[PDB]
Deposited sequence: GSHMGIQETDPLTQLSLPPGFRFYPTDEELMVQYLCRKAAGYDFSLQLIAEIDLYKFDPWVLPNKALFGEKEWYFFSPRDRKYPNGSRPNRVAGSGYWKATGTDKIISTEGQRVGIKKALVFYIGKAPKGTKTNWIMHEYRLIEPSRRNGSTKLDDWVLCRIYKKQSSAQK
């Protein structure tokens, strides 16, 4: 478990912004992670509900590098520094995927 070894103080979480995800992770995946908090997974060898286990960490959301495949799956222009470089999906279920090698947040709703 990587999070424990970061000696993270009570209340310190991973609340990344759509901008940070772009530049610091996705962009950094070309030639880029000292401690790879989010790993690779072929996200569609799977049904939404078991991914959390194979995420390296997470309480309520999970992040992965990756009508598509027991079931199947408006995006807004993200800009950084006023210069541009995300898509929402559903599995019908509380199972939501955020799409940004691509970077995805998965979480359960309501």
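**Q** What's missing from the model if you number the deposited sequence from 1?
**A** Missing from the model are residues 1 to 9, 42 to 43, 78 to 89, 93 to 94, 99 to 102, 115 to 116, 123 to 131, 141 to 156, 167 to 171.
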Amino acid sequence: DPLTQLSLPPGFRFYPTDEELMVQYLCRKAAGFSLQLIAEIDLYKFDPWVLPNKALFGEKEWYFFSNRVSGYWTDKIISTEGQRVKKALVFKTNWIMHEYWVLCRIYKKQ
From here on, numbers count along this sequence of modelled residues.
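**Q** Mean Cα B factor from the PDB record: higher for 56 to 64, or higher for 74 to 82?
**A** According to the entry, 74 to 82 carries the higher average C-alpha B-factor.
**Q** Residue 41's Cα B-factor: lowest, middle or highest third of the chain?
**A** As the PDB entry reports it, the C-alpha B-factor of residue 41 lands in the middle third of its chain.
**Q** Compare the C-alpha B factor of residue 31 with those of the other modelled residues in its chain, then answer lowest, middle or highest third.
**A** Highest third of the chain for residue 31's C-alpha B-factor.
**Q** Give the position of residue 15 by CA B-factor within its chain, expressed as the lowest, middle or highest third.
**A** Tercile = lowest for this residue's CA B-factor.
**Q** Please say which third, lowest, middle or highest, residue 91 falls into when its CA temperature factor is compared across its chain.
**A** Highest third - that is where residue 91 ends up once the chain's C-alpha B-factors are sorted.
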